[PDB]
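Since the structure comes first, as structure tokens, the remarks are kept for the end.
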Amino acid sequence: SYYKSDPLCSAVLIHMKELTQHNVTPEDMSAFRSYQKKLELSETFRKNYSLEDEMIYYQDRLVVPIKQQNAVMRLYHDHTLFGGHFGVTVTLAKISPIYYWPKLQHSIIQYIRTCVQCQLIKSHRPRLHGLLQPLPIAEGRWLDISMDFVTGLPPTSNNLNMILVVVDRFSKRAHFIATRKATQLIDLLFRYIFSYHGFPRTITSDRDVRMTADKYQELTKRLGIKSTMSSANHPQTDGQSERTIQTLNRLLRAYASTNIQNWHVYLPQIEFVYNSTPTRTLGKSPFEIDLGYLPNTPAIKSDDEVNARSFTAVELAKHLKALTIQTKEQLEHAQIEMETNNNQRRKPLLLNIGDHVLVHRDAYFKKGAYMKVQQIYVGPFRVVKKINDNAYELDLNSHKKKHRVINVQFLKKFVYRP
Amino acid sequence: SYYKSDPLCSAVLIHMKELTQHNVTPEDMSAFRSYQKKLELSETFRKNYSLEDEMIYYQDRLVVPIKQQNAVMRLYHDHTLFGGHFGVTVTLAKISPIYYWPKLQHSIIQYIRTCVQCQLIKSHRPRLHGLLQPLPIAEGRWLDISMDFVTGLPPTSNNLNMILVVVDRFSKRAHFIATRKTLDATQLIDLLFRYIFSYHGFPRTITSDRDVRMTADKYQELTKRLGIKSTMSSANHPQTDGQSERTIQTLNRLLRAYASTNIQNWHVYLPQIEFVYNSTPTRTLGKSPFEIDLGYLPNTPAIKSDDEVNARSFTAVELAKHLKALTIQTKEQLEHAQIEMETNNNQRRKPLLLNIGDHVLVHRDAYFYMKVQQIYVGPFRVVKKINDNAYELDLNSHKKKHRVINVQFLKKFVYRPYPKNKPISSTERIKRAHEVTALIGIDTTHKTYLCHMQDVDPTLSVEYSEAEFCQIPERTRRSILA
DNA sequence: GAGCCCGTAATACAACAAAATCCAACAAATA
DNA sequence: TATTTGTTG
DNA sequence: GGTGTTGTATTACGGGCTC
DNA sequence: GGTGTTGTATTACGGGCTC
């Protein structure tokens, strides 16, 4: 039960094979590509096709007619003759030692994008699927605020359990919100610690139940506060707070190495140390990014001046304007530097309407659902809206899934074939 | 109540600041470097020091004498005036706006290395410590072998291990047989299917992990009587079993491909996955692992355009010559593979070189709520240097579990530094017990606690028994152990 | 080209990516 | 001799 | 509307010397 | 003695044409 026991006088290679035969030319519809290929063969000298008793082949490899292309690549890709659904390299190593197939690599990668199980099972670095495209930089001071918290720490005396952080996107000002892992009184403690400065414009946070929080969201809609609400298991958007708790974790380890179970005393020292230390992407201390009144003043900084903003009373407007201008251009510099050092391999994905994208078992099933060697056979979903440049909402075929926003790091767009 | 309100007429900067005054030359022992620096200043033109009535400083930066170098770096790196124990960049951003410091960044990284807590609380890419050294290349058809376990597989007949993958390292034949956790623990039946695998040829070298199924006394001694080495891993360093784990990575994709009937009936798929994976050509050798060892390919011949040599199923007296030729081919492909691995991986990695005796931190795998507490532990003395990236060390007294740590967890320790002395008398272990810093634990063999004191030799601990343990407040001691 | 000192100063590279329970199973410690 | 308790895929 | 982001050793580029 | 390692899209380099 072997193949190639069939003559085909109507295919692309007929023009190539009549270079010796010159007998019959029964071309088909859309066979004008064969005419152009024969013209290119005529103006060049690459004649290596061998014609031996109906076996027309290349120098050592069997050229296959285009009628049975899919049959051959399915035979050497599926388990009919022990393929195994591998990549283009193993498929070439199975086919190219035996067959030639002009533009074989493009045909094989097209088949990889065609075969459904390879789309659902393979990953092929599904963490580089969209550009960086960071947050818009800022406005006037204390208008954008980043919100997140680490769920659990070694508990203190039974009054405090975990640390919440507030750092603004502009100035990156540390904060010490020590919660109890909380209730609807989140707005009480949160209000007491941001309203020390004032009400922001948008909150960059995750889809956490203390902030998804239909009771708390309506408060923000009434008050005039937006909510970015980073999607399920995509904590990258929170950013400044995540980077702060990275710096806080080192600081908390430093100040509580031998002093576990009472770190709530040292937490204001943690935030004050974070506040007094200059950063890199802005080059100035977060006091200086705000009203520059580093109160410790161990020594005067470089370019010695008055450096006493307490003496200035009415002229603070020009000083804050100057700080705002230089910090805004520094934020733009940080944005472009991040975009340069990150997008060296980040391939974009821009669809925005009418596709059948997937979600490869991350933010689709539960974060608490165990990942194992169980098959990854998420069905072909649909996309109806372009919610952002780096995400697309889906019509999750479930009860509700409680969210339908999927960042591009889980999509891996499905492609059909007739 | 600040610094710099004191004269220092004998330091390095004396020759620099007598370029305008030329009063006295009160050099000290080994202070001729000041004269050489003055000569270097004279033969060039970088004279920009400002000198006004003992306020001697740079164009905008206060130059500091070498006597109070430690005072300045401790002031702007520790917490006396709100430092924070940050990196070299933040320390520069605190110091370089205010002070000059010839070779400033070198002094800053020196202070980062010679700190007491700063080494142990932070981290800087520990994974790339040690250059990537591939294991010995190949032998006569899997005299070197690897195996490993992964779990999390769904049950079908109470079989939630089912991955005992054995990879024939030379030919990469890569067998894996269904099993379970509860069948054996290297006592009764584990060896039996190990031998039915080994029925097709005994190996000569194992490379495996620190799993309890192979660190047992029964396994090591039987392998030693079999003349086959163990060569275990290094306390959660699975990269020693890399080729088996890479086979698992290839196996997992094929397992998901064949795992549509996840729960009902799928134990027939592992031999199918074996037969598919062995027949598929690899990348590092260009030949399928099935035909590398066995010569020929499996049934339904799809013989390539090389020759008829891959249909070698005929008379066997001439198999030795061309099978050795294929051994040469595959050997060459594995030097190519070792070179390819060492190219793209050693570009960022930096080797770590320690002699026997110097202290070393382990930073992990010493105590298994490890978030805020001091997960990183104190320094230990290295005993045996097995490899350039393998140091055997005394993490505890004599307790348990294979006291060798890979260099990825290991980190250098520097004790360059008013430190106290070493108590050796019997009465000095009682009074000098309130000067403790950290804790290791309790000896399992007898009643002797090991801990760290303050401003002493860190690794060279002093034994503190119960006669001098209950007097000092131990309420804050078990807090870091729990 | 050719290298060196030194002084700044950019520069990819990785860590924040929820936290903490055991599962199965080797061998130490009493009583 | 059963119930523990260190560490590790 | 809504989607990364800085700390850190490490390393690259100008004044001043030898040419 | 004892310590990574291949699968995979993706992309870079020679024969043959226009010069």
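As they're listed, the protein sequences go chains A and B. Under the deposited numbering, the letters of the first sequence match residues 17 to 197, 201 to 437, in that order. Under the deposited numbering, the letters of the second sequence match residues 17 to 384, 389 to 437, 440 to 504, in that order. Even for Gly, the Cβ is constructed at its ideal location relative to N, Cα and C.
Three-state secondary structure (DSSP) of residue i
{"i": "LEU78 of chain B", "result": "strand"}
{"i": "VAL182 of chain B", "result": "strand"}
{"i": "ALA410 of chain A", "result": "strand"}
{"i": "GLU324 of chain A", "result": "coil"}
{"i": "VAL376 of chain B", "result": "strand"}
{"i": "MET71 of chain A", "result": "strand"}
{"i": "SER17 of chain B", "result": "coil"}
{"i": "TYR115 of chain A", "result": "strand"}
{"i": "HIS283 of chain A", "result": "coil"}
{"i": "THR331 of chain A", "result": "coil"}
{"i": "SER66 of chain B", "result": "strand"}
{"i": "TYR51 of chain B", "result": "helix"}
{"i": "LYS391 of chain B", "result": "coil"}
{"i": "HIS145 of chain B", "result": "strand"}
{"i": "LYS83 of chain B", "result": "helix"}
{"i": "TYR486 of chain B", "result": "strand"}
Host beta strand (DSSP E) of residue i (start-end)
{"i": "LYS405 of chain B", "result": "400–407"}
{"i": "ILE462 of chain B", "result": "458–464"}
{"i": "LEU120 of chain B", "result": "Element bounds for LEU120 of chain B: not the beta strand (DSSP E) but the alpha helix (DSSP H), 120–130."}
{"i": "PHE192 of chain B", "result": "191–193"}
{"i": "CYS473 of chain B", "result": "471–475"}
{"i": "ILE425 of chain B", "result": "424–426"}
{"i": "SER224 of chain A", "result": "221–224"}
Residue range of the unbroken alpha helix (DSSP H) whose run includes residue i
{"i": "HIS31 of chain B", "result": "30–37"}
{"i": "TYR211 of chain B", "result": "206–214"}
{"i": "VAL40 of chain A", "result": "Unbroken run through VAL40 of chain A: none, as it is neither H nor E."}
{"i": "residue 200 of chain A", "result": "Because chain A is numbered from 197 directly to 201, the model contains no atoms for residue 200 of chain A."}
{"i": "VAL104 of chain A", "result": "104–111"}
{"i": "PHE165 of chain A", "result": "Premise fails: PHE165 of chain A lies in the beta strand (DSSP E), 160–165, not in any alpha helix (DSSP H)."}
{"i": "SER295 of chain A", "result": "286–295"}
{"i": "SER260 of chain B", "result": "258–274"}
{"i": "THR239 of chain A", "result": "233–242"}
{"i": "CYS134 of chain B", "result": "134–137"}
{"i": "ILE452 of chain B", "result": "450–453"}
{"i": "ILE308 of chain B", "result": "305–310"}
{"i": "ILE446 of chain B", "result": "Premise fails: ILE446 of chain B is in no alpha helix (DSSP H) and is neither H nor E."}
{"i": "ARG500 of chain B", "result": "500–503"}
Cβ-based burial, residue i [other Cβ within 10 Å; buried from 16]
{"i": "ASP184 of chain B", "result": "buried"}
{"i": "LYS419 of chain A", "result": "exposed"}
{"i": "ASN294 of chain B", "result": "buried"}
{"i": "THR346 of chain A", "result": "buried"}
{"i": "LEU350 of chain A", "result": "buried"}
{"i": "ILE406 of chain B", "result": "exposed"}
{"i": "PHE61 of chain A", "result": "exposed"}
{"i": "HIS352 of chain B", "result": "exposed"}
{"i": "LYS431 of chain B", "result": "buried"}
{"i": "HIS38 of chain B", "result": "exposed"}
{"i": "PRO23 of chain B", "result": "exposed"}
Got a sec: which bits of the stretch 114–128 of chain A sit with their beta carbon under 7 Å from any beta carbon on chain B, in order along the chain? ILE114
Can you pull out the residues from the stretch 78–106 of chain B whose beta carbon lies closer than 8 Å to at least one beta carbon of chain A? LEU78, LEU91, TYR92, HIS95, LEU97, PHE98, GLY99, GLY100, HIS101, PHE102, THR105 and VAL106
Chain B contacts made by the stretch 318–342 of chain A, where a contact means CB separation under 9 Å: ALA318, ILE319, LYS320, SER321, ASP322 and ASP323
Whether or not the stretch 138–148 of chain B and the stretch 355–367 of chain B are in contact is what I'm after, with contact meaning three or more pairs of Cβ atoms, one per stretch, closer than 8 Å; do they touch? yes
Taking three-plus beta-carbon pairs below 8 Å as touching, is the stretch 302–310 of chain A in contact with the stretch 81–92 of chain B? no
Quick one: any contact between the stretch 45–57 of chain B and the stretch 22–34 of chain B, if contact means 3 or more CB pairs under 8 Å? yes
Interface positions of the stretch 272–292 of chain A facing chain B (Cβ-Cβ less than 7 Å), listed along the chain: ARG272, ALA273, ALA275, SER276, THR277, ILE279, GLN280, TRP282, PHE291 and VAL292
At a cut of 8 Å, does the stretch 379–389 of chain A reach the stretch 253–271 of chain B through at least three beta carbon pairs? no
What residues in the stretch 156–179 of chain A bring their beta carbon closer than 7 Å to a beta carbon of chain B? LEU169 and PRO170
For the pair the stretch 236–252 of chain A and the stretch 280–300 of chain A, tell me if three or more CB-CB distances fall below 8 Å. no
Inspect the CB distances between the stretch 204–223 of chain B and the stretch 375–383 of chain B and report whether three or more fall short of 8 Å. no
Quick check: the stretch 168–175 of chain A against the stretch 389–397 of chain B, are there 3 or more CB pairs under 8 Å? yes
When Cβ atoms are compared, which residues of the stretch 367–396 of chain A fall closer than 9 Å to chain B? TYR389, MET390, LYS391, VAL392, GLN393, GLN394, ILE395 and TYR396
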